[PDB]
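Since the structure comes first, as C-alpha cells, the remarks are kept for the end.
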Amino acid sequence: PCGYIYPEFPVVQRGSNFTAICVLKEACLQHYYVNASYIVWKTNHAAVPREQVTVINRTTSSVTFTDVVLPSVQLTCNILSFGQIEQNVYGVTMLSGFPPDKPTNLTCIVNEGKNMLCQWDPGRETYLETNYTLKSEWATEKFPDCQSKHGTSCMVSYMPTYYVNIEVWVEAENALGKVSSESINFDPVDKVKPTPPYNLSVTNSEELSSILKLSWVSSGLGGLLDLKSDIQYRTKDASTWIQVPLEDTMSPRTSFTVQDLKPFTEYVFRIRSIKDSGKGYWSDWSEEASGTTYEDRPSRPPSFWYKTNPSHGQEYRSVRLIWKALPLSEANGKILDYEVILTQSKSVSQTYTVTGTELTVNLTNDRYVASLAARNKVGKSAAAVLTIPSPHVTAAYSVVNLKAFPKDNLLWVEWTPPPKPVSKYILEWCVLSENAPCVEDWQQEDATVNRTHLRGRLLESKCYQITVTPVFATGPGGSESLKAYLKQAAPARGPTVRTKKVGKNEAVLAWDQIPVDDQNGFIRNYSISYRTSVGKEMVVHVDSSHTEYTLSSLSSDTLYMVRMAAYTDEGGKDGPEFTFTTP
Amino acid sequence: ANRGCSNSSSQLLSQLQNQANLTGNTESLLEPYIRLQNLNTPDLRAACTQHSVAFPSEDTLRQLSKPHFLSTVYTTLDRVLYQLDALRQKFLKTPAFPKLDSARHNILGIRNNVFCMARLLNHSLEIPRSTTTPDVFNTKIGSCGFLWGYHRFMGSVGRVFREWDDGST
Amino acid sequence: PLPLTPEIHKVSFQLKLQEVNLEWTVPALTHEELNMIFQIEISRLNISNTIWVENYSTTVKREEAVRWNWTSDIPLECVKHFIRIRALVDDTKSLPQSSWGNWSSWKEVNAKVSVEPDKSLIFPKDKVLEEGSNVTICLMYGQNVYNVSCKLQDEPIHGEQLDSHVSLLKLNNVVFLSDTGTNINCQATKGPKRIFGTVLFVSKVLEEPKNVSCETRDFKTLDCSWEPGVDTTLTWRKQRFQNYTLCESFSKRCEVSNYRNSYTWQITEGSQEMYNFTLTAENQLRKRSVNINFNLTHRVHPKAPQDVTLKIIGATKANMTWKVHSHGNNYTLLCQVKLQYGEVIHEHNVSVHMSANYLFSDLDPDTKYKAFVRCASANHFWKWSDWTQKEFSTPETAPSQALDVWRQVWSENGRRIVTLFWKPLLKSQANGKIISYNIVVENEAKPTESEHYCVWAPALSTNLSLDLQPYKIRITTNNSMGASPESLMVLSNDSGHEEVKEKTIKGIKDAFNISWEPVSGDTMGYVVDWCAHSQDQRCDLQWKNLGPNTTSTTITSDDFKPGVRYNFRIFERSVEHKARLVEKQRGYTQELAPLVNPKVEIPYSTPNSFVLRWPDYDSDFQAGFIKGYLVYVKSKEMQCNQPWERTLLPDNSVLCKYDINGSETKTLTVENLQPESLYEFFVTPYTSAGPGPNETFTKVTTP
Ligand SMILES: *[C@@H]1O[C@H](CO)[C@@H](O[C@@H]2O[C@H](CO)[C@@H](O)[C@H](O)[C@H]2NC(C)=O)[C@H](O)[C@H]1NC(C)=O
Ligand SMILES: *[C@@H]1O[C@H](CO)[C@@H](O[C@@H]2O[C@H](CO)[C@@H](O)[C@H](O)[C@H]2NC(C)=O)[C@H](O)[C@H]1NC(C)=O
Ligand SMILES: *[C@@H]1O[C@H](CO)[C@@H](O[C@@H]2O[C@H](CO)[C@@H](O)[C@H](O)[C@H]2NC(C)=O)[C@H](O)[C@H]1NC(C)=O
Ligand SMILES: *[C@@H]1O[C@H](CO)[C@@H](O[C@@H]2O[C@H](CO)[C@@H](O)[C@H](O)[C@H]2NC(C)=O)[C@H](O)[C@H]1NC(C)=O
Ligand SMILES: *[C@@H]1O[C@H](CO)[C@@H](O[C@@H]2O[C@H](CO)[C@@H](O)[C@H](O)[C@H]2NC(C)=O)[C@H](O)[C@H]1NC(C)=O
Ligand SMILES: *[C@@H]1O[C@H](CO)[C@@H](O[C@@H]2O[C@H](CO)[C@@H](O)[C@H](O)[C@H]2NC(C)=O)[C@H](O)[C@H]1NC(C)=O
Ligand SMILES: *[C@@H]1O[C@H](CO)[C@@H](O[C@@H]2O[C@H](CO)[C@@H](O)[C@H](O)[C@H]2NC(C)=O)[C@H](O)[C@H]1NC(C)=O
Ligand SMILES: *[C@@H]1O[C@H](CO)[C@@H](O[C@@H]2O[C@H](CO)[C@@H](O)[C@H](O)[C@H]2NC(C)=O)[C@H](O)[C@H]1NC(C)=O
Ligand SMILES: *[C@@H]1O[C@H](CO)[C@@H](O[C@@H]2O[C@H](CO)[C@@H](O)[C@H](O)[C@H]2NC(C)=O)[C@H](O)[C@H]1NC(C)=O
Ligand SMILES: *[C@@H]1O[C@H](CO)[C@@H](O[C@@H]2O[C@H](CO)[C@@H](O)[C@H](O)[C@H]2NC(C)=O)[C@H](O)[C@H]1NC(C)=O
Ligand SMILES: *[C@@H]1O[C@H](CO)[C@@H](O[C@@H]2O[C@H](CO)[C@@H](O)[C@H](O)[C@H]2NC(C)=O)[C@H](O)[C@H]1NC(C)=O
Ligand SMILES: *[C@@H]1O[C@H](CO)[C@@H](O)[C@H](O)[C@H]1NC(C)=O
Ligand SMILES: *[C@@H]1O[C@H](CO)[C@@H](O)[C@H](O)[C@H]1NC(C)=O
Ligand SMILES: *[C@@H]1O[C@H](CO)[C@@H](O)[C@H](O)[C@H]1NC(C)=O
Ligand SMILES: *[C@@H]1O[C@H](CO)[C@@H](O)[C@H](O)[C@H]1NC(C)=O
Ligand SMILES: *[C@@H]1O[C@H](CO)[C@@H](O)[C@H](O)[C@H]1NC(C)=O
Ligand SMILES: *[C@@H]1O[C@H](CO)[C@@H](O)[C@H](O)[C@H]1NC(C)=O
Ligand SMILES: *[C@@H]1O[C@H](CO)[C@@H](O)[C@H](O)[C@H]1NC(C)=O
C-alpha cells in the first residue's frame with residue numbers, strides 16, 4: 001500500500017484535541033500520480049470539511065478534531081485518482097474514553113476451607129478495556145498476583161497463613177493511565193468466616209421439665225479458634241424468634257442449658273458461630289433441630305360435677321358423676337385415667353379407676369364426700385372435693401339479679417354473689433326444643449368471677465335455657481332458669497289465626513303460640529291486619545301477653561280477610577291468610 | 001520494608017506465642033512421618049529417640065539476652081529450613097506429604113515475625129550436597145532424630161516466649 | 001590324547017547384580033574352528049563342596065576368548081567359592097572317543113571386603129523385588145558381636161548360621177506392605193547395643209493394557225487410549241518412571257508419551273491407509289507389549305457440521321446449506337436430515353461429498369420449524385456426529401379458500417336495508433392473521449359508481465343502506481400479504497315478503513328434518529337459515545351452503561334448547577347467484593309444557609250457565625305448538641255430562657274435564673248449573689308433552 005496511519009491505535013480522552021497523519025509511499029505516488037492534495041479523509045463514510053484538512057509536506061497530510069463525542073470513529077485516508085475514482089489506502093478506528101478513578105471499598109473475606117477472596121468497587125464506566133490486578137505481599141516475601149478474570153472479585157491461588165500480617169492493594173490500568181488504590185494491613189485470622197455448626201441435638205431432662213440442654217459440635221479449624229455462639233429459640237406455631245442474652249454465650253463451649261420453658265411444648269433451635277474477639281464475620285444459620293420438653297405434674301385439677309335423677313321410693317339414689325378433660329396447656333401431658341374416692345365421713349375409701357369422662361354409681365341417702373384428681377405419667381393432680389348432700393336438704397341461698405345479654409357475638413351472663421362464702425360457680429345451658437330433649441352442657445368457674453360468656457359452639461336463632469347453680473362447702477345452692485338469645489331473627493312461619501266467634505258487628509280473633517324452634521327470638525308484640533274487598537287497610541298492635549283480641553268497627557254483610565304477623569327485634573314475618581263471614 | 005509489621009508489639013508477641021504453641025506439637029510433622037515410613041515398632045521409636053541432633057538447650061536460651069536469643073532463633077530456623085529442603089530434595093514425592101509444605105510455610109511465617117520483632121527493638125540481625133542416598137535406614141533414622149530435636153526446640157522457644165510475655169520488662 | 005585343558009586368564013565380579021564374569025582360553029588347539037563342551041564345577045567354603053554342575057557347549061575359534069557368567073543367590077561379599085572347568089569335543093565324525101580332559105586349577109573367587117570387630121554389615125542393601133518372589137539376605141558381624149537377632153516389622157526371624165561369623169536370612173513369598181518399603185531392623189543382644197538394617201523394596205506386578213483402541217477426527221490426529229492398570233511406582237529414587245511406548249511398523253516412529261492413558265499421534269502426509277501399532281509398557285523389572293491392527297477409513301468419527309445456513313425461498317419451500325471437512329474425493333459422508341415441527345418428525349437420508357443441500361417441500365405457513373442434521377461414514381459406519389439445531393419461521397401467504405357469505409334484507413324507511421353476516425375463518429384456511437375485510441358493492445344499473453367499504457376484524461356484522469335497485473356485492477379478506485378469492489352474490493327486486501306455504505316439523509333433540517321441494521331444474525345450491533324466535537333477543541343468523549343435488553339435510557348445533565321456536569327459511573340459488581325464497585319451516589327441538597296461562601274473562605252470566613272467553617295466545621313466543629285448551633271446573637252439586645270426563649276428589653267434590661279440540665276457538669259454554677250457588681274454575685293450555693301449570697281457581701259467583 002501507500003503506507004500507514006500514525007498513530008495506529010488512536011485513543012484520546014473525551015474533551016481534548018486530536019491530529020492524525022497518513023503518509024504516502026513514493027511507489028504509489030509515481031504509479032497513480034496523486035499527491036497529498038487530492039486526499040479526502042472519511043470518518044464513518046462521511047466527507048470531512050476542508051477547514052480542518054491541512055497538508056504539511058508532499059507526502060503527509062493532517063486533520064484536526066475538537067472534542068470528539070462519537071466513541072467509535074473510523075478514520076480512513078483515501079486519495080482521489082483520475083476520473084473521480086476514489087481508492088482506499090488505510091483505515092483505523094479511534095476510541096474515546098476517560099481514564100479510570102481510584103478504587104475504594106477494599107475488603108477481603110476468608111472462608112473456612114477456601115482461599116482469601118477480596119472485593120472492591122470499580123466506580124465509573126471507562127468504556128475501554130481495563131484490567132484489575134490484586135497485589136499481595138508479606139513484610140519480607142511476595143505472593144503471586146490475582147488477575148480479575150471477570151467483574152471485580154478475585155480469588156487468590158495460595159493457601160492463607162495465619163498470625164502473619166499481610167498488605168494487599170489493587171491497581172487499575174487501562175490504555176490511558178495506571179492508578180492503584182490504598183493498601184490495607186490486616187491479619188488473615190481476623191477475617192475468617194466459620195462454617196455453621198452441625199449435628200445439633202436437643203435433649204430433655206426427666207427431673208427438670210422446664211429445661212432443654214443443647215448439644216452441638218464445631219469445626220474451629222481443628223481446635224484453633226475459640227468460637228462464641230448465638231442461640232435463637234422459638235415455638236412451632238410462632239414466627240418470631242426469641243434470642244437469648246448474648247452475654248451468657250460468650251465463653252467457648254459446646255453445650256448450653258435453656259431455662260424458663262413451658263412444660264410439654266416443642267421448640268426449634270438454630271445456632272451460628274463467630275470468633276471470641278468479636279472480629280471476623282457471623283456464620284450462616286445452622287440446620288433447624290427439633291426438641292420436645294419432658295412432661296410434668298398437672299397444675300389445675302379438672303372440672304367436676306354431679307347430676308342426680310329423681311328416684312322417689314328407694315333407699316339408694318342413682319348419681320351420674322361427670323367431668324371434663326384438661327386442655328393441653330394445663331394437663332402438661334397425656335391424661336391416663338381419673339381416680340375417684342367416696343366416703344361418708346365415717347367409712348373406708350372406695351377407689352375406682354375410669355379412663356372415660358363419666359361414671360355412674362348407686363349411693364344411699366346419706367351425705368357423701370367425693371374426690372377427683374387426674375393422674376399423669378409422673379404423678380397425680382390436685383384433689384378437688386365435691387360433696388353430695390342428702391336428698392332431704394332444701395337450698396336456703398340462691399343467686400339474685402340474673403341477666404344475660406349478647407355482646408360481640410358472645411352471650412355474656414352476669415350475676416351477683418350470694419352473701420355466703422361460695423367455693424365455685426357452675427353454669428349449665430342447652431337448647432329449648434319441643435320435638436326432642438336437649439343435651440347436657442356445663443362449665444366450671446371460680447368464685448371470684450361474676451360475669452362470663454358461654455364457652456361452646458352455640459347456634460343462632462335458638463333459645464338457650466341457662467341455669468346457674470352456686471356451690472357451697474356443704475352443698476349446692478339455688479337453681480334458677482332463664483332464657484336468652486345470641487342473634488335473634490324473624491320467625492319462619494306466622495301464627496295460625498282462628499276465629500272463636502262471629503257476631504253482627506263484633507268479632508274476637510284468636511291465634512296459637514309460636515313454637516320455641518320457630519320464634520327465633522324474644523317476641524315483643526303482635527300485629528293484626530285486616531281489610532275487606534273495597535275497604536282500607538287498618539293495622540292494630542297487641543302485646544305478646546294477650547291471646548284473645550276483639551275487633552271493633554266491623555260492618556255486617558261484609559267479607560273480611562285478616563292477616564297477623566309476629567315481629568321480633570330483627571324484623572317480622574307475615575302469617576297465613578284467613579277469611580270469615582259476618583252474618 | 002515499611003509495607004507491613006505495624007508498630008503494634010503486643011499483637012506481634014501474641015502471634016509469636018500462638019505460632020510457637022501451634023508448631024511445638026508432635027502431631028504436626030513427626031507423627032505423620034513416623035506413620036508413613038512404617039516406623040511404628042517400639043524398637044524403631046527407641047532408635048528414633050536415641051539419635052538426636054544437637055540443638056540449643058533451654059537453659060542456654062534462657063541465659064542469653066533478647067537480641068542474642070533472637071539471632072540464635074533466626075540462625076536455627078535457617079538451618080531447619082535448609083535441612084527440610086534437603087529432605088524434600090531427597091524424598092522425591094511432593095503430593096504424598098503436604099505436611100512438609102505446611103511446616104515450611106509456618107517456619108517462614110515465624111521467621112518473618114521474629115525479623116519484624118527484631119526490627120521493632122532497633123536491633124540489626126546477623127546476615128551471613130548429593131541427591132542420591134547410599135542407604136535408606138540411616139537416612140530415615142537421621143530424619144526422625146532431626147524432627148524430634150526440632151519439635152523439642154520449638155517447645156523450648158515457646159516456653160521462652162511465654163517467660164518473656166510474663167516478664168515484659 | 002590332546003590335553004585340551006582350559007586356562008583361566010582373568011576373573012571379575014559385579015556386586016550389584018551378584019555375577020561372576022569368567023574368561024578363559026585353551027592353547028592346545030590346532031585347527032581353526034571346532035565345537036567344544038565346557039563342564040563347569042562350582043564349590044563353596046572349600047574345594048570339596050560341589051554345589052553346581054553345568055554343561056556349556058559353544059563353538060570356539062583360534063585365539064578367541066570364551067566368556068561365561070554365573071549368578072549366586074547369596075551375596076558374594078559373604079563367602080568365597082572355587083571354580084574349575086574342563087573341555088570336551090563333540091566329534092561324531094572322527095575319533096568317536098569323547099574323553100574328558102584334566103581339571104583346571106581351583107581359581108579362588110574371593111569377595112569378602114572387610115569386617116570391623118565392633119561393627120557389622122548386611123547385604124544386600126535396598127533390594128528391588130517383585131511381589132511373590134524369594135530372597136536370601138546375608139549378615140556378617142565382627143568378632144566381639146554376639147547373639148545377633150534380626151526381626152521384620154513385628155515378628156521373629158529364624159536365621160541360619162552359614163559359618164561362625166555370618167548368618168543367612170531366608171524370606172519366602174514376600175508380600176507388598178507399602179510403597180515406601182519394609183524395614184528390616186536387626187539389633188544385637190550382646191556387645192554394642194544399636195540398631196542396624198536395610199529396607200526391602202517390594203513392587204507390584206505390571207499388568208497388560210486392556211481395551212487398546214484408537215480413533216481419528218479430522219485425518220490429522222489419532223487420539224489412541226488404553227487402560228494403565230495398577231501403579232508400580234515407588235517413592236524413593238529406586239523406581240520412578242513407568243514409560244508407555246507406541247511404535248508403528250510401517251513408519252518406524254515412536255517416542256515416550258507424556259501421559260499414562262492417552263496420547264495424541266501426529267500422522268505424516270502421504271495418504272497412507274494402513275496401521276500396525278505395538279504399545280509397550282516397560283519398567284525397571286519387566287516389559288509388557290500389546291499389538292493392535294486397524295484401518296484409517298474404518299474408524300472415522302465425524303464431528304459436528306459447520307457453515308450451517310438456512311434460506312427461505314417461499315412459504316412451502318426452503319433450502320438447507322451446510323459444509324463438512326473431507327480429506328479425499330472417495331470419502332463421502334452419509335448425513336441424516338431431520339425436520340421436526342410440533343409433534344410431527346420428518347427424516348430422510350442424504351449423501352454428500354463436501355457440501356450439499358436438501359430442498360424441502362410441502363411446508364405449512366405460519367409454523368416454526370427446527371432442523372437437525374448429523375453425519376456419519378457412508379460405507380464403514382463407526383459413530384454418529386453431534387446434532388446441529390437451527391430454528392426458523394416461515395412467512396405468511398394470502399388465503400386461498402372462499403369465505404361463505406349471507407344476507408338478510410327487510411323494508412325500513414322505504415329503503416332496502418341489508419345486513420351482511422360472515423363466519424370467522426379457520427387457522428389453516430386463513431394462512432395468516434385477518435386484518436380487515438373488503439366489501440365491494442356494484443350496481444347493475446351503474447357499474448361505474450361502485451362503493452368500497454372496509455370492516456375491520458373481528459367485526460362480523462355491518463349494515464348497508466340501498467334502494468330497490470339490484471346490487472352485486474363482493475367480499476374478501478385482506479391480510480398482511482394479499483387478498484383472498486372473492487365470493488359472488490347478487491340482489492334481486494324481491495322484497496323478501498313472498499307468501500309461501502308454512503310447514504311445521506317435529507325436530508329431533510339434536511337434529512332437524514328439513515325437506516324442501518325443488519321449483520327449478522337449473523340451480524347451483526340451496527341455503528337455509530333460522531332464528532331463535534324469542535322476546536328480547538336479536539337472533540344470530542346461522543346458515544350453511546348446500547349443493548344442487550340434495551333435497552334433505554339434518555342440521556346439528558349445540559345451541560338448540562327446548563322451548564324456543566326456530567323459523568327455518570329455505571333459499572334457492574340459481575345460476576346467476578340469485579337467492580329466492582321457496583319454503584318456510586318451523587319447529588321445536590323438544591316441545592315442553594306451556595309456561596303462561598291466558599287471562600280469562602266472563603262476558604255474560606246466566607243463572608243456569610256462563611260463557612268463558614280469553615284473548616288470542618302468542619303462537620310465536622311459546623315452548624311448543626298449542627293443540628287446544630284443557631279447562632277444569634269445580635262445583636258442589638253439578639254433574640259431568642258427556643263428553644266431560646268425571647274425576648272424583650277426596651274433598652267430597654266433583655271435577656269435570658273438557659279437552660277443547662282445536663287451538664282456534666276461544667269460547668265455551670257449560671250448562672246444567674243451579675242458581676245461587678258457588679263455582680270455581682281455571683283455564684290452561686296444553687302441548688304434546690302435557691298441560692300447563694296448575695293455577696288457582698277463579699272466583700266467580702252465579703246469581
Ligand atoms: C504535489 O501536489 C501538488 C498540489 O499542491 C501538485 O503540484 C502541482 O503540479 C502541477 C503540475 O505538475 C503544477 O502546475 C502546479 O503548479 C503544482 N502545484 C499546485 C499547488 O498545484 C501535484 O499534485 C504534486 N506535484 C507534482 C510535481 O506532481
Ligand atoms: C514532511 O513531513 C513529514 C511528516 O509531517 C516528515 O516525514 C518524516 O520523514 C523522516 C525522514 O525519514 C522520517 O524519519 C519520519 O518518520 C517522517 N515522519 C515524521 C512524523 O517525522 C518530514 O518532516 C517530511 N517528509 C519528507 C519526506 O520530507
Ligand atoms: C485544542 O482544543 C482547544 C479547545 O480548548 C481549541 O483551541 C481553540 O478552539 C477554538 C474553538 O474551537 C478556536 O476558535 C481556536 O482557534 C482554537 N485555538 C486557539 C489558540 O484558541 C482547539 O480545538 C485546539 N487548539 C488548536 C490550537 O488546535
Ligand atoms: C464499600 O463497598 C462494598 C462492596 O463490596 C460494600 O460493603 C459491603 O458489601 C457487601 C457486598 O457488596 C454488602 O452485602 C454489605 O451490605 C456492604 N456493607 C457492609 C457494611 O458490609 C459497601 O458498598 C461499602 N462499604 C462501606 C463500609 O462503606
Ligand atoms: C312492634 O314490634 C316491632 C318489632 O319488635 C316494631 O318494629 C320496629 O319498631 C322500632 C321502633 O320501636 C323500629 O326499629 C322500626 O320501626 C321497627 N323495626 C323492625 C326491624 O321491624 C314495631 O314498631 C312495634 N309496634 C308498636 C306499635 O310498638
Ligand atoms: C567342606 O566341604 C564339605 C563337602 O560338602 C562340607 O562338609 C560338611 O560340613 C558340615 C558342617 O558340620 C557337615 O554337617 C556336613 O555333613 C559336611 N559334609 C557335607 C557333604 O555337607 C563343607 O562344605 C566343608 N566343611 C566345613 C566344615 O564347612
Ligand atoms: C520360593 O521358595 C519356595 C519354598 O522354598 C519354592 O517353592 C517351590 O516352587 C516349586 C515350583 O512350584 C515347587 O516345585 C516346589 O515344591 C516349591 N518348594 C520348594 C521347597 O522348592 C520356590 O523356590 C519359590 N516359590 C515361588 C512361588 O517363587
Ligand atoms: C523412561 O522415560 C524416562 C523419561 O523420559 C527416561 O529416563 C531417561 O533415562 C536415561 C538413561 O538412564 C537418562 O540418561 C535420562 O536422563 C532419563 N530422562 C530422560 C528425560 O531422558 C527413559 O526414556 C526411560 N527410563 C527408564 C529407566 O526406563
Ligand atoms: C505388525 O506388527 C507386529 C507386532 O508389532 C509385528 O509382527 C512381527 O512380524 C515379524 C515378521 O513375521 C515376526 O518375526 C514377529 O514375531 C512379529 N511380532 C513381533 C512382536 O515382532 C510386525 O511389526 C507387523 N507384522 C506384519 C505381518 O506386518
Ligand atoms: C484398509 O483400508 C485400505 C484402504 O482404505 C484397503 O486396503 C486394501 O486391501 C485390499 C486387500 O488386500 C487390497 O487389494 C487393496 O489394494 C487395498 N487398498 C485399497 C485402496 O483398496 C482396505 O479397505 C482395508 N484393508 C483390508 C486388508 O481390509
Ligand atoms: C436451495 O436449493 C437449490 C437446489 O440445489 C440450491 O442450488 C444451489 O445453488 C448454488 C448457487 O448457485 C450452487 O452453487 C449449487 O450447486 C446449487 N445446488 C446445490 C445442491 O447446492 C440453492 O442453494 C437453494 N435455492 C435457492 C433458490 O437459493
Ligand atoms: C488486559 O488483559 C487482556 C487479556 O484479558 C490482555 O489482552 C490485555 O493486553 C491486557 N491489557 C490491556 C490494557 O487491555
Ligand atoms: C454427625 O451425625 C452424622 C449422622 O447424623 C454422623 O456423621 C455422625 O454421627 C456425626 N458426625 C460427627 C463428625 O460427629
Ligand atoms: C345399686 O343398688 C340398687 C339396690 O337396690 C340397685 O338399683 C342396683 O343394684 C344398683 N343400681 C343400678 C342403677 O344398677
Ligand atoms: C556374560 O556377560 C557378558 C557381559 O555382561 C556378556 O558377554 C553376556 O551378557 C554374557 N555372555 C554369555 C556368553 O552368556
Ligand atoms: C591328566 O589326565 C591324564 C589322563 O586323563 C593322566 O595322565 C592324569 O590323570 C593327568 N595328568 C597329569 C600330569 O596330571
Ligand atoms: C473396554 O474398555 C473399558 C474401559 O473404559 C472397559 O469396559 C474394559 O476395560 C473394556 N471392555 C472389556 C469387555 O474388557
Ligand atoms: C437411512 O437408511 C438406513 C439404512 O439404510 C435406514 O435406517 C433408513 O432407510 C434411513 N434412515 C431413516 C431414519 O429413515
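Residues are referred to by chain and number: the chain letter is A, B, ... according to the order shown in the C-alpha cells, the number counts from 1 in that chain, and ligands are numbered separately from 1 in the order shown.
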If you count only C-alpha atoms, which residues fall within 10 Å of residue 512 (chain C), apart from same-chain ones fewer than 5 positions away, as a list in words?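 Here the qualifying residues turn out to be residues 505, 506, 507, 552, 553, 554, 555, 556, 557, 586, 587, 588 and 589 of chain C.
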Those selected residues, please, written with N, CA, C and O atoms and delivered as an mmCIF file, in the first residue's frame.
data_model
loop_
_atom_site.group_PDB
_atom_site.id
_atom_site.type_symbol
_atom_site.label_atom_id
_atom_site.label_comp_id
_atom_site.auth_asym_id
_atom_site.auth_seq_id
_atom_site.Cartn_x
_atom_site.Cartn_y
_atom_site.Cartn_z
ATOM 1 N N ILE C 505 -92.645 -28.821 11.454
ATOM 2 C CA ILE C 505 -91.926 -30.080 11.586
ATOM 3 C C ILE C 505 -91.653 -30.345 13.059
ATOM 4 O O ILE C 505 -91.564 -29.420 13.874
ATOM 5 N N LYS C 506 -91.525 -31.626 13.398
ATOM 6 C CA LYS C 506 -91.189 -32.056 14.751
ATOM 7 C C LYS C 506 -89.702 -32.388 14.784
ATOM 8 O O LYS C 506 -89.274 -33.418 14.252
ATOM 9 N N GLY C 507 -88.915 -31.513 15.409
ATOM 10 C CA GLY C 507 -87.477 -31.669 15.406
ATOM 11 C C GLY C 507 -86.982 -32.731 16.368
ATOM 12 O O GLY C 507 -87.669 -33.153 17.297
ATOM 13 N N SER C 552 -82.724 -33.023 1.292
ATOM 14 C CA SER C 552 -82.973 -33.005 2.726
ATOM 15 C C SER C 552 -81.654 -33.205 3.458
ATOM 16 O O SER C 552 -80.864 -34.082 3.098
ATOM 17 N N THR C 553 -81.425 -32.388 4.483
ATOM 18 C CA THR C 553 -80.202 -32.463 5.268
ATOM 19 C C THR C 553 -80.524 -32.150 6.721
ATOM 20 O O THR C 553 -81.299 -31.233 7.010
ATOM 21 N N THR C 554 -79.927 -32.917 7.630
ATOM 22 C CA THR C 554 -80.134 -32.738 9.060
ATOM 23 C C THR C 554 -79.051 -31.820 9.614
ATOM 24 O O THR C 554 -77.856 -32.096 9.457
ATOM 25 N N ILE C 555 -79.466 -30.736 10.258
ATOM 26 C CA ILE C 555 -78.540 -29.765 10.828
ATOM 27 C C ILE C 555 -78.258 -30.132 12.278
ATOM 28 O O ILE C 555 -79.120 -30.652 12.994
ATOM 29 N N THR C 556 -77.025 -29.875 12.710
ATOM 30 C CA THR C 556 -76.590 -30.157 14.071
ATOM 31 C C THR C 556 -76.037 -28.888 14.698
ATOM 32 O O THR C 556 -75.257 -28.163 14.071
ATOM 33 N N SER C 557 -76.441 -28.624 15.939
ATOM 34 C CA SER C 557 -75.980 -27.448 16.662
ATOM 35 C C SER C 557 -76.253 -27.647 18.146
ATOM 36 O O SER C 557 -77.292 -28.196 18.523
ATOM 37 N N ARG C 586 -90.777 -24.349 10.453
ATOM 38 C CA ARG C 586 -90.667 -24.009 11.863
ATOM 39 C C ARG C 586 -90.912 -25.260 12.693
ATOM 40 O O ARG C 586 -91.665 -26.152 12.291
ATOM 41 N N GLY C 587 -90.267 -25.319 13.851
ATOM 42 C CA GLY C 587 -90.422 -26.463 14.730
ATOM 43 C C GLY C 587 -89.635 -26.257 16.005
ATOM 44 O O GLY C 587 -88.877 -25.292 16.151
ATOM 45 N N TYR C 588 -89.829 -27.191 16.932
ATOM 46 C CA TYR C 588 -89.154 -27.177 18.220
ATOM 47 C C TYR C 588 -88.268 -28.407 18.351
ATOM 48 O O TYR C 588 -88.572 -29.474 17.807
ATOM 49 N N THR C 589 -87.161 -28.249 19.078
ATOM 50 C CA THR C 589 -86.281 -29.383 19.341
ATOM 51 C C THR C 589 -86.963 -30.398 20.250
ATOM 52 O O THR C 589 -86.904 -31.609 20.003
#
Which parts of region 320-539 of chain C does DSSP call alpha helix (DSSP H) when run on the backbone here, written out as a list in words?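 Everything in region 320-539 of chain C that counts as alpha helix (DSSP H) is residues 427, 428, 429 and 430 of chain C.
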Near residue 647 (chain C), within 10 Å and counting only C-alpha atoms, which residues show up once chain neighbours fewer than 6 positions away are dropped, as a PyMOL selection string? chain C and resi 640+653-657
Find the residues near ligand 5. Use a cut-off of 7 Å, count only C-alpha atoms and all ligand atoms, and write them as a list in words.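 Here is the list of contacting residues: residues 524, 525, 526, 541, 567, 568, 569, 570, 571 and 572 of chain A.
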Cut-off 6 Å, only C-alpha atoms and all ligand atoms, neighbours of ligand 3 as a list in words: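 If we count only C-alpha atoms and all ligand atoms, the neighbours of ligand 3 turn out to be residues 16, 17 and 66 of chain A.
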Taking only C-alpha atoms into account, which residues of chain B are within 12 Å of chain C, as a PyMOL selection string? chain B and resi 33-48+50-51+87-97+131-141
Ligand 8 neighbours within 8 Å using only C-alpha atoms and all ligand atoms, as a short mmCIF file (atom, residue, chain, number, x, y, z; two decimals) with N, CA and C atoms, in the first residue's frame:
data_model
loop_
_atom_site.label_atom_id
_atom_site.label_comp_id
_atom_site.auth_asym_id
_atom_site.auth_seq_id
_atom_site.Cartn_x
_atom_site.Cartn_y
_atom_site.Cartn_z
N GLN C 239 12.61 -46.59 41.87
CA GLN C 239 11.79 -46.74 40.67
C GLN C 239 10.88 -45.53 40.55
N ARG C 240 11.05 -44.76 39.49
CA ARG C 240 10.29 -43.53 39.28
C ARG C 240 9.44 -43.55 38.02
N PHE C 241 9.97 -44.03 36.90
CA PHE C 241 9.31 -43.92 35.61
C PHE C 241 8.61 -45.22 35.24
N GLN C 242 7.45 -45.09 34.59
CA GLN C 242 6.71 -46.20 34.01
C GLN C 242 6.31 -45.75 32.61
N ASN C 243 7.17 -46.01 31.63
CA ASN C 243 7.02 -45.46 30.29
C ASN C 243 6.09 -46.30 29.44
N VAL C 256 8.58 -41.49 23.84
CA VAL C 256 7.97 -41.67 25.15
C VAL C 256 6.80 -40.71 25.30
N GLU C 282 6.98 -50.55 29.96
CA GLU C 282 8.22 -51.11 30.50
C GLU C 282 8.60 -50.39 31.78
N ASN C 283 9.06 -51.16 32.76
CA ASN C 283 9.62 -50.61 33.99
C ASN C 283 11.01 -51.19 34.23
N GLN C 284 11.58 -50.96 35.41
CA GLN C 284 12.91 -51.46 35.71
C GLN C 284 12.96 -52.98 35.89
#
Enumerate as a VMD selection string the residues belonging to chain A that approach chain B to within 12 Å, with only C-alpha atoms taken into account. chain A and resid 136 to 142 158 to 169 182 to 189 222 to 225
Find the residues near residue 108 (chain C): any atom within 10 Å, counting only C-alpha atoms, skip ones fewer than 5 places away on the same chain, and give them as a PyMOL selection string. chain C and resi 11+43+46-47+80-84
Spatial neighbours of residue 168 (chain B), 12 Å, only C-alpha atoms, chain gap at least 6 places, as an MDAnalysis selection string: chainID B and resid 9:10 13 66 161:162
Serialized selection, C-alpha atoms, as a PDB file, in the first residue's frame:
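This is the output file again_14.pdb:
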ATOM      1  CA  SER B   9       4.134  -5.012  69.744  1.00  0.00           C
ATOM      2  CA  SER B  10       1.661  -6.910  71.939  1.00  0.00           C
ATOM      3  CA  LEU B  13       4.145 -11.134  70.762  1.00  0.00           C
ATOM      4  CA  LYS B  66      16.957 -10.683  73.988  1.00  0.00           C
ATOM      5  CA  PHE B 161       8.315 -16.663  74.644  1.00  0.00           C
ATOM      6  CA  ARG B 162       5.871 -17.334  77.480  1.00  0.00           C
TER       7      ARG B 162
END
Would you kindly return, as a ChimeraX atom specification, each protein, DNA or RNA residue with an atom no farther than 7 Å from any atom of region 234-237 of chain A, considering only C-alpha atoms and excluding same-chain residues fewer than 5 positions away? /A:242,266-269
